[PDB]
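Residue numbers (PDB author numbering), protein chains in the order written: chain A, 2 to 21, 32 to 56, 62 to 373; chain B, 2 to 21, 32 to 56, 62 to 373; chain C, 2 to 21, 32 to 56, 62 to 373; chain D, 2 to 21, 32 to 56, 62 to 373.
4 protein chains.
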Amino acid sequence: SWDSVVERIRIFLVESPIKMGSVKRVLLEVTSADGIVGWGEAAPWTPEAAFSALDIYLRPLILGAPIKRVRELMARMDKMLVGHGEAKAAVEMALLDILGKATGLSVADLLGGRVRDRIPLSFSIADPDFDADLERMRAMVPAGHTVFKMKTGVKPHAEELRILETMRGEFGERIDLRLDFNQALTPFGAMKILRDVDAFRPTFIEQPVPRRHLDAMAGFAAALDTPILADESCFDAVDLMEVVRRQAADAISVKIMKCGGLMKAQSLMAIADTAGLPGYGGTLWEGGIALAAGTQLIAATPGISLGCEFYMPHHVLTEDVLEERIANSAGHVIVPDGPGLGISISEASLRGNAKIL
Amino acid sequence: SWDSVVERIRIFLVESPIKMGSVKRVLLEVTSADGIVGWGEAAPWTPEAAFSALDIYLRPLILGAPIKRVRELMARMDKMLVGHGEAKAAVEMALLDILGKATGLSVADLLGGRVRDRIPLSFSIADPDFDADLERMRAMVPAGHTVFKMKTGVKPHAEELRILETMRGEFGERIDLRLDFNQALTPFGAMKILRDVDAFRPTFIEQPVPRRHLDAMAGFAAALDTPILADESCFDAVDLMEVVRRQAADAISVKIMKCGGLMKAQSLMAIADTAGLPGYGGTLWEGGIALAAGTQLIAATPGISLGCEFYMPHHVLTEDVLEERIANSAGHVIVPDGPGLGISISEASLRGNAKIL
Amino acid sequence: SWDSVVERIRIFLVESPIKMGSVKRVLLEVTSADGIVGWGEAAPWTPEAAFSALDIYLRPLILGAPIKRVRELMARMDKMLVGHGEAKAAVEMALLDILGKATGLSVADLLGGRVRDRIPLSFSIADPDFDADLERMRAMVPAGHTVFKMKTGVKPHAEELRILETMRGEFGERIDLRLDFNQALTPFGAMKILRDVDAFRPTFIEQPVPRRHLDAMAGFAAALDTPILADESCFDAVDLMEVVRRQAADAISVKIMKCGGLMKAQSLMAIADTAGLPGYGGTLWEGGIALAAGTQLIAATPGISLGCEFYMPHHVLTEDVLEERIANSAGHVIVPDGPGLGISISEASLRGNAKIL
Amino acid sequence: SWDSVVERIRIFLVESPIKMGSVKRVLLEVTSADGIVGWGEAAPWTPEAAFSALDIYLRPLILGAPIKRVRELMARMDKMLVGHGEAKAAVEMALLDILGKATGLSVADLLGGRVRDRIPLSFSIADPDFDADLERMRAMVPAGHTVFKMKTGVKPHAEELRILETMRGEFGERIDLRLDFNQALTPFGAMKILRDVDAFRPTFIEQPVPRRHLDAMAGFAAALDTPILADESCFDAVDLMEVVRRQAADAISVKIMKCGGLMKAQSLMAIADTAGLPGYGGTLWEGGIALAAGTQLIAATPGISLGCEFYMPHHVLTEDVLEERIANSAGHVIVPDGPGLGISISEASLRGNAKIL
Ligand SMILES: [Mg+2]
Ligand SMILES: [Mg+2]
Ligand SMILES: [Mg+2]
Ligand SMILES: [Mg+2]
Ligand SMILES: [Mg+2]
Ligand SMILES: [Mg+2]
Ligand SMILES: [Mg+2]
Ligand SMILES: [Mg+2]
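As structure tokens, then:
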């Protein structure tokens, strides 16, 4: 029978290299009274904000807290501080890492158990040189990649239509093709654009207009066969209840840190499953600790059936603090095996692959 | 790192004594490939139904199943069989018992952790001789009982009003008083009745009319300050979404087996928390195994904040198959400590306290 | 630190020449206690009405009023007199002209600052001889005109369709083509007409039916991809809230004097921006003073993004009282530079270019 | 004719003393190419967040920007950065300070002109020792204080009722009494509480339940004569449109920095005026620069007719960087006179009254 309390934390502001460059990351190391270590990462969606949140506001809540009572601590952190979802999620992550390691269970195991072992990984089609992208697809489809997301509303509409025509002409339904307008359309004049791309039967169209325009989003969903997916229209459980009530979307992207962590993401998905709205894992931060957390969540959350994608594939994380990277192959992320988050971090791996501020 | 599969089951039809008499109960014993035993109980809300369900329909799904993948198995059982929520919940119960014992965790721990250690237990006020009941209250309030539920719509309305007047005159707000009409009112003529008892400010009024009359229930909630609690109007997540949409209740009773188990009850409560509807634990079956399951659920589910009550207090379970009983004292159930469900069952305890059919 | 009061006014009823002729215009000259002069113009949408309004009803409100407190004076004029929006707007115009000249600021500057320096100017296509119009377009598109508005519902529907076909055949999307039915359609039988012209993807269709038929207008908007623009359905902020609530239009034309002035037009557009409805500057009166006011407003009001047009291009204002005309070139009005309204009016310019009644 | 660009900024993180202690504040000094200085302050509702926002994200937008084009710059800052409303509002504040000083106009003048010269200031009644508070009221009412806000839902309901009875017994309608539950009620059981305090006819009841529960808030408003005021339910124009649509409140508190600045607050109030919802100035930060901004806004925004209050009166700002403090007397804030914000800050006043980090 395992019971133990948090004994100390270390908060690290680290710099990590990318190539498209630098990015800063907040990592939290929690250590129990019986010696077991767990890691969390606060990924924004300003790292100084998160960094201070943990160091001053949340520190006296973490310290002493019983590690088996994660939901209880999250309710304490939400009562004392308002809306630092990223920092709170790093604490939850780390406590679940510890609890998992102490009991021989993964985080997925502690969230109802795995329902899948791999997660479809979307490949972004966003190259100004479409021919460059076509050859990538030409190699990737035979290698088992099926999920592609085309950035749309960037080139003249006619050109984007010819591109979609070329893609459906070669691949037909062998690709699971999604479109993303990145909120760039206005409700005025969006419908002719959306109706044109709806003829190619994309699996979904992501958030064509900004967060406010729920009636416009409901209008699109009502007129179009193609599923409309809410991203910025749905951050949390409250937004989701309004999306359902207005029928403003057919699917939602789940943002572990926008919604406020792993348990909150599963609560969100209970609503969505009842309402018949599939979830998409959204943009996962490539930082190994936050990515491990997201992969475990999705592994244990059957309604998140639309796969996932990386924060911005066009700039890849070159060195990380994990002893071993979370792996992807043939169009899917491999859900790391092993207790807790299923990752390891040593002093050397940390202080030798990131510059500590 | 623990991983193991179900290796065998035994299904027992048992007779157990009561005093107001006999009742029949379906108990399931599951045993893993690494020797660890877990128990579940199917409590109706006909035991032959449940008994056959486990023995023929569900047996080939249980056998071989990985015990860490509880949600995955529940999705298999719902796909292959429709609407035997009781039998499926006994399987889940037992797998969580095993998983808990294998890892040193309670079932609450595996459901996000405890958020409470005791559960307020409602005392039913239903004696035709009210003076008998008044003396009971006279002793119980000083002993720490606060929660009382009066059965109403049984004696002439005037008499029930004089009773409520006597109760508020002595106790005021020192008692948390609830009323239950047991669906006995009709939508025609209910409002004058309900308005009269609303003046005594009960904590809630339970399901005054049958399940169908959601508009009537919404009508009551709209006219009355007193919270209306849905019982038979809300069995599952689907009912709850309609209750929210119609604003047909202010609170719901959660039926672990009506809704389809422990994880389904927590999904139900994610919807209810977002919607601002508190949960009540409803009528818990006194059979020790099902009661342990219900107590763990409520221990780990913060939105179920209205306490609980026993199936029918007027007939108490005289001997049970547990080595030690789940305990209540001073108006609350004590959430049993220890791994899994936190109960033990030996061959002797089973075959010497229940008659096996 | 500038502070000053209105010291006197002169109200002028003037006759001005046109060619298709005469029109009468109400001009107001306000003069501060520190000598600075400002002009306003009341443009109907009977000039005797406006003329008396200023001379008797509003005169005792203007006189003495602090010129820095424009919104305060407008609230006084709305409290004492009901619904002479034109005359009140001339007072506001003039006070902002004075305030601007006193401080070295334009009217746009006093309304949050310019967000644009030119305003797209719509060219009306309304010639019975379409070939005459086609040659005009043939010259104007290469000269930088993009915005065209076709009067529709005037020639037999078949002929209007062949015209639209010829226009899209030559110009494609190189023209921003709008259609205007001038309220001539009835809700009975409008939808087949509107669906036919919707295939040519006009940028918007203006007020196909009269003001009353908001459900009909909402019906059109719901069935058609093409934006429906409200004109006579939306005069003021109150109408706009109902248009939004009923989703009766996708865009609105803002009538500076119908809505009750420059500040009221910006309040109207705050609602419309939140609701995702772009504004169109509507029909601007060519009288230089009112036109300067409208151009400043639009310059400072980013949501009015659909351009503007002149009251009736088929009859042009031949001589005006401005020392220099507001200029348009290559399909856009040039927002006049300089303090206040950015226009000048001398005794000679006034008494030598208009006949004073 | 004045035109000029921003030439440089200085961002200061300062510590300021209070007494109930320390607080940190972000102050921004902007300087034009023609030498004129303006100040802004970012008041949270973590100062490191705001501090970095200005220094790295917003700095290249501010530098070079034309000071007459405030709305244009705000649209640039909202396009490049998402949701740092505090930091953006400090930039707007400072540019309006400069523009005002350059032209001899106050910020109110640039926002349509003053409509009032004083702002009713609410006095918080929150002392556990009510008798202490009663004597304060006894002195303050004869001195001209009329506006009082009682914190409610803190002492037992019965005691709060006796307090309200004593207050109405002495003062009757000579006090403008407001109640604030600080979101402490739950939708379950709130109505009996609210109905009890509604009998004392408070001017309004502020946000009795958390932000999510809009249907509950609409329920309260529908059942009660007393106005319900939205605070956390209404941050911005988008929330307000939903509040209006659901009729979830009768009045709103306007948060200059929650809504995203001074112009955004006036846009918000155009919606609210049309909808018949009065505004309340909410909790103003006592830091002199942010307070000057809030006072100018309210001075120029007639719909904010419910007065204002200070962030937390129980801890007063002991020394500030203003040469002279914004003044209050006899229950009202005096809107500071003079160009721009109407405040001055020297090197000595700044570096001698706050500790610079
Ligand atoms: Mg659809
Ligand atoms: Mg997105
Ligand atoms: Mg009610
Ligand atoms: Mg019941
Ligand atoms: Mg439409
Ligand atoms: Mg028109
Ligand atoms: Mg009301
Ligand atoms: Mg508040």
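Every residue gets a Cβ at the ideal spot worked out from N, C-alpha and C, and that includes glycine.
Which residues in chain A sit within 7 Å of C/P243, going by Cβ to Cβ distance?
Here the question's residue 243 of chain C lines up with position 227 in the third sequence. Chain A residues near C/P243: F204 and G205.
Which one of A/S33, A/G310 and A/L77 has the shortest CA to CA distance from A/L333?
As a first step, residue 333 of chain A must be located in the first sequence, where it is residue number 317. Checking every option, the nearest Cα to that of A/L333 belongs to A/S33.
To the nearest angstrom, report how far apart A/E8 and A/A81 are at their CA atoms.
Your numbering for residue 8 of chain A matches position 7 in the first sequence. Your numbering for residue 81 of chain A matches position 65 in the first sequence. For A/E8 and A/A81, the distance between alpha carbons rounds to 8 Å.
Cβ of D/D266 versus every heavy atom of ligand 7: is any distance shorter than 7 Å?
Counting from 1 along the fourth sequence, the entry for residue 266 of chain D is found at position 250. Here the distance from the Cβ of D/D266 to the nearest heavy atom of ligand 7 is below 7 Å.
Check the Cβ-Cβ distances between B/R134 and every residue of chain A, and say whether any is below 8 Å.
Locating residue 134 of chain B in the second sequence gives position 118, counting from the first residue. By this cut-off, B/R134 is not an interface position.
Excluding the 5 residues preceding and the 5 following D/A267 in the sequence, name in chain order all residues of the same chain whose CB lies nearer than 8 Å to its CB.
Within the fourth sequence, the letter at position 251 stands for residue 267 of chain D. So the list reads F220, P243, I244, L245, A246, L293, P294, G295, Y296 and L322, once near-sequence residues are dropped.
Counting only beta-carbon separations shorter than 8 Å, does D/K271 have a partner in chain C?
Within the fourth sequence, numbered from 1, the residue matching residue 271 of chain D stands at position 255. False, the Cβ-Cβ gap to chain C never drops below 8 Å.
Does any CB atom of chain A fall closer than 8 Å to the CB of C/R194?
If you number the third sequence from 1, residue 194 of chain C lands on position 178. So, not an interface residue.
Can you find at least 3 beta carbon pairs, one from the stretch 128-137 of chain B and one from the stretch 68-75 of chain B, that sit closer than 8 Å?
no
Is D/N369 helix, strand or coil when you go by DSSP?
To locate residue 369 of chain D, count along the fourth sequence from 1; it is residue 353. Three-state result, D/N369: helix.
One or two residues paired with B/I320 in a DSSP bridge:
Mapped onto the second sequence, residue 320 of chain B falls at position 304. B/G295.
Which residues of chain D have a Cβ atom closer than 8 Å to the Cβ of A/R228, listed in chain order?
Reading the first sequence from its first residue, position 212 is the one you call residue 228 of chain A. Under the 8 Å cutoff, chain D gives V254.
Tell me which residues share the same chain as D/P218 and place their Cβ nearer than 7 Å to its Cβ, disregarding the 5 neighbours each side in the sequence.
By one-based count along the fourth sequence, residue 218 of chain D stands at place 202. Only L193, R194, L195 and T242 meet the Cβ criterion.
Going by beta-carbon coordinates alone, are B/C324 and B/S138 separated by less than 8 Å?
In the second sequence, the residue the question calls residue 324 of chain B occupies position 308. In the second sequence, the residue the question calls residue 138 of chain B occupies position 122. Yes; because the gap between Cβ atoms is below 8 Å, this pair is in contact.
On the three-state DSSP scale, how would you describe C/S283?
Here residue 283 of chain C corresponds to residue number 267 of the third sequence, with the count starting at 1. Reduced to three states, the DSSP call for C/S283 is helix.
Neighbour flag for B/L293 against chain A, beta carbons, 8 Å:
In the second sequence, residue 293 of chain B corresponds to position 277, counting from 1. It does not: the Cβ of B/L293 has no partner Cβ on chain A nearer than 8 Å.
What did DSSP end up calling B/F146 once you bin it into helix, strand or coil?
Translated into the one-based positions of the second sequence, residue 146 of chain B becomes position 130. Of the three classes helix, strand and coil, the one that applies to B/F146 here is helix, per DSSP.
Whole angstroms are fine: how far does the CA of A/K271 sit from the CA of A/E88?
Within the first sequence, numbered from 1, the residue matching residue 88 of chain A stands at position 72. Within the first sequence, numbered from 1, the residue matching residue 271 of chain A stands at position 255. In a straight line, the C-alpha of A/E88 is about 21 Å away from that of A/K271.
C/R217 versus chain A: which residues are under 7 Å apart at the beta carbon?
As a first step, residue 217 of chain C is located in the third sequence; it is residue number 201 there, counting from the start. Ordered by position in chain A, the residues that pass the 7 Å Cβ test against C/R217 are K208.
What's the call for D/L373, buried or exposed, on a 16-neighbour Cβ count within 10 Å?
Locating residue 373 of chain D in the fourth sequence gives position 357, where the first residue counts as 1. Per the 10 Å Cβ criterion, exposed.
Let's test the definition: count the other Cβ atoms within 10 Å of the Cβ of D/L74 and tell me whether it reaches 16, buried, or not, exposed.
In the fourth sequence, the residue the question calls residue 74 of chain D occupies position 58. D/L74 is classed as buried because its beta carbon has at least 16 other beta carbons within 10 Å across all chains shown.
Can you give me, in chain order, the residues of the stretch 286-314 of chain C that have a beta carbon less than 8 Å from any beta carbon in chain A?
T290, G292, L293 and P294
Are at least three pairs of beta-carbons, each pair with one atom in the stretch 106-119 of chain D and one in the stretch 38-53 of chain D, less than 8 Å apart?
Flag = yes, the stretch 106-119 of chain D and the stretch 38-53 of chain D touch.
Drop a sphere of 10 angstroms on the beta-carbon of C/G99, count the other beta-carbons inside from all chains shown, and report buried for 16 or more, exposed for fewer.
If you number the third sequence from 1, residue 99 of chain C lands on position 83. Looking at its Cβ environment, which holds fewer than 16 other Cβ atoms inside 10 Å, C/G99 is exposed.
Spatial distance of C/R190 from C/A232 (CA atoms)
As a working mapping, residue 190 of chain C is identified with position 174 in the third sequence. As a working mapping, residue 232 of chain C is identified with position 216 in the third sequence. C/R190 and C/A232 have their C-alpha atoms spaced approximately 31 Å apart.
Below 7 Å on C-beta distance, what does B/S283 contact in chain A?
For the purposes of this step, residue 283 of chain B is identified with residue 267 of the second sequence, where counting begins at 1. Under a criterion of Cβ atoms nearer than 7 Å, the residues of chain A adjacent to B/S283 are, in order, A286.
Got a sec: does ligand 2 put a non-hydrogen atom nearer than 7 Å to the Cβ of A/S249?
Walking along the first sequence from the start, residue 249 of chain A turns up at place 233. At a cut-off of 7 Å, the beta-carbon of A/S249 does not count as near ligand 2: no heavy atom of the ligand is closer than that.
Quick one: is B/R154 buried, meaning 16 or more other Cβ sit within 10 Å of its Cβ, or exposed?
Within the second sequence, the letter at position 138 stands for residue 154 of chain B. So B/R154 ends up on the exposed side.
Quick one: which unbroken alpha helix (DSSP H) runs of 4-plus residues sit fully inside the stretch 201-276 of chain B? Chain order, please.
206-214, 230-239, 253-262 and 272-275
Chain B within 8 Å of D/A232, Cβ atoms only:
Position 216 of the fourth sequence, counted from the start, is the residue given in the question as residue 232 of chain D. Yes, contact with chain B.
Helix, strand or coil for B/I135? Go by DSSP, reduced to three states.
By 1-based counting over the second sequence, the position of residue 135 of chain B is 119. In this structure, B/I135 counts as strand in the three-state DSSP scheme.
Can at least three beta-carbon pairs, one atom from the stretch 348-368 of chain B and one from the stretch 296-310 of chain B, be found at a separation below 8 Å?
yes
As a quick exercise: from C/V86, C/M96, C/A91 and C/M328, pick the residue whose alpha carbon is nearest that of C/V123.
The residue you call residue 123 of chain C lines up with position 107 of the third sequence. Ranking the options by Cα distance to C/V123, first place goes to C/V86.
If we call anything under 8 Å between Cβ atoms a contact, is B/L338 one with B/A309?
Within the second sequence, residue 338 of chain B is the residue found at index 322, counting from 1. Within the second sequence, residue 309 of chain B is the residue found at index 293, counting from 1. For B/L338 and B/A309, no; Cβs fall outside 8 Å.
So, is A/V107 buried or exposed, given that buried needs 16 or more other C-beta atoms within 10 angstroms?
Against the first sequence, residue 107 of chain A aligns to sequence position 91. Buried, by the Cβ-count rule.
By alpha-carbon positions, which one of A/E176, A/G129, A/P55 and A/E186 ends up nearest to A/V157?
By 1-based counting over the first sequence, the position of residue 157 of chain A is 141. Of A/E176, A/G129, A/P55 and A/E186, the residue nearest in Cα terms is A/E186.
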